[PDB]
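Shown here is one chain on its own, the form deposited in one PDB entry, set out as structure tokens.
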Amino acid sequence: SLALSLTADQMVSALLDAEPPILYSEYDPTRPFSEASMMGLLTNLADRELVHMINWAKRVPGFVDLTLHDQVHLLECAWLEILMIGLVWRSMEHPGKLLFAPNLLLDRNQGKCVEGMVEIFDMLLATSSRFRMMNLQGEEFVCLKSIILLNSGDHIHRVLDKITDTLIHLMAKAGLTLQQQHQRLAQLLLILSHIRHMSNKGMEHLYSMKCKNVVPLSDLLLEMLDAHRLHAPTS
């Protein structure tokens, strides 16, 4: 695998180059938010982001070396996580706000339009505030996002080790001491547990019956949801 031969700088360059674009939503400032209109916005946005995420994944070193099944499995598991870390990253310099899109900047009060959504909005906001306090760097972000993709579901474990090496390389380059490197590496990885948690609780609402009935979902998104709901308790 050519991914295992990359240098740290090459790894960073490839990941930075593979970054998806930031998309817009069709929000109307004159129209007040209902449960349906709010869900309609986020669903439409997430659905368009999914297509970009799928092609982004193919440009993650080592991913295209996997079988089609494992590629599908990893993406089915990680998709909401990857959407979420993207959200909290672009919301970093907007304290108390969530920048879903440049034209869609929401706070926790707007999240109360949707039953059970303000709780996850709170968690996302705390995560974004956590990244801001850590002064998370863009190079570190793309590493964390790739880790999420590969850790969601021996070759994979070799790539993960490489990204760990890459993270350490970035921190040592910033002038951090050895102790400060270990600690920061830990602080970043533990945040992934919180990202996993937010995804689990968020997905639980999303594949609920109230949530699948409120707005039309695309066939892609509908299949991403059912991949998780399969393990949910049957009433």
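Position 1 is the first residue in the sequence shown; the rest follow in order. Note that the rigid core is defined as the largest set of C-alphas that superpose within 1.5 Å between two forms.
Compared with the other entries of this protein, residue 29 is frequently left unbuilt, missing from a third or more of those that build its neighbours. According to the entry, the stretch of the deposited sequence that connects residue 153 to residue 154 contains 10 or more residues lacking coordinates, which leaves a long gap in the model. In this entry, 98 to 106 shows the higher mean Cα temperature factor of the pair 135 to 143 and 98 to 106. Per-stretch averaging of Cα B factors for 175 to 183 and 61 to 69 places 61 to 69 on top.
Taking the deposited Cα B-factors for 160, 74, 113, 83, the highest one is held by 113.
In the PDB entry, the Cα temperature factor peaks, among 169, 205, 197, 31, at 31.
Residue 193 sits in the lowest third of its chain by CA B factor, as recorded in the PDB entry. For residue 210, the recorded CA temperature factor ranks within the highest third of the chain's modelled residues.
Beyond the structure shown, there is the form deposited in another entry, which is absent from this document and is the topic of what follows.
In the core-aligned comparison between the shown form and the other one, the C-alpha of 210 is the only one from 173, 58, 210, 201 that shifts by 2 Å or more. Between residue 211 and residue 123, the Cα distance is greater in the other form than in this structure, by no less than 3 angstroms. In the other form, the Cα-Cα separation between residue 91 and residue 211 grows by 3 Å or more relative to the displayed conformation.
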